[PDB]
């Protein structure tokens, strides 16, 4: 009598056309562990949605699931993710950088197995921009069409971080709260107002389907997005036209300021409600193993986090893995694991309010007001 293990991950990992990585690796796990009598059932869900899916009812959720690490604290508070020990915890510490192990560490305990870094970067049309052009957003706007998903807080912050706005201090001090206040914040809001007023800027939609469509028809030539859409970007542009870069500067008041993406991880978590914790924990370890990460790279081009794969020649030569590494070293801030729910929620209507014709449109005349309103809402969400 087989036991059913229910595993949740994104559509791309369950798509046979992309090698169905998650199924492939679950089957490899079973073959490696003949003492287990198991079969698999799969739930399709983006890592970006795992908080909502699992915390609503953990007992109803998958046994093993793929999530984005900023969801860690709400998963813990919902009793929805198991502490990991033993060889699994040791692997997470030994095989990752300190920053990557920290992405899944809460109060000194490991709660998940990283399988890739989680950040974003620039895709661009090499027929439109040069390598030098894409160093500066301002230069780019003089040459071609630029998009950005401003109603997605995971992207929005890069602009505010560029001018010294902070989330929980360095990201780890809850008592510091949010600081988007003052002239430093208004200057960024003003830059974004000017960006929306630029006829070569096109706002991307929240999950980036607009940008992808624009790359294809030529109405957008630069796309800020991530590794998961690498194959779709190659389809849209044609592979010989795909440029991949780290983040540009923006010129605020004559000063070049560096856009800084969040850098976290995507990881495999174990549901405490799973009836076979031994199997679930070993499966999580397997899905984040070196072999499994290499397969993720070969099957659908996802960059590994395991540092022993950093010296793989194919990985080192890959333009997305390279850009992600550059974003890590030069263009990022560590993703807070202090819950940012209030920020994700507030960011979306704030970003939407830059649009021409929007209700309560953010303009030069009200930029300071709207900036303080945002800062106030963020800090109110902590009370």
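Numbering follows the first chain given and starts at 1.
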State which stretch shows the higher mean Cα B factor in the entry: 30 to 38 or 333 to 341. 30 to 38
Given the B-factors recorded for C-alpha atoms, which segment has the greater mean, 17 to 25 or 366 to 374? 17 to 25
Based on what the PDB entry reports, which of 322, 64, 54, 353 has the top C-alpha B-factor? 322
Per the deposited entry, the peak Cα B-factor within the set 71, 221, 79, 97 goes to 221
Ranked by Cα temperature factor within the chain, is residue 262 in the lowest third, the middle third or the highest third? middle
Record-listed C-alpha B factor of residue 327: chain third: middle
Lowest, middle or highest third - CA B-factor, residue 239: highest
Within this chain's modelled residues, let me know which third the CA B factor of residue 254 belongs to: lowest, middle or highest. highest
Relative to the other modelled residues of the same chain, rank the CA B-factor of residue 315 and answer lowest, middle or highest third. highest
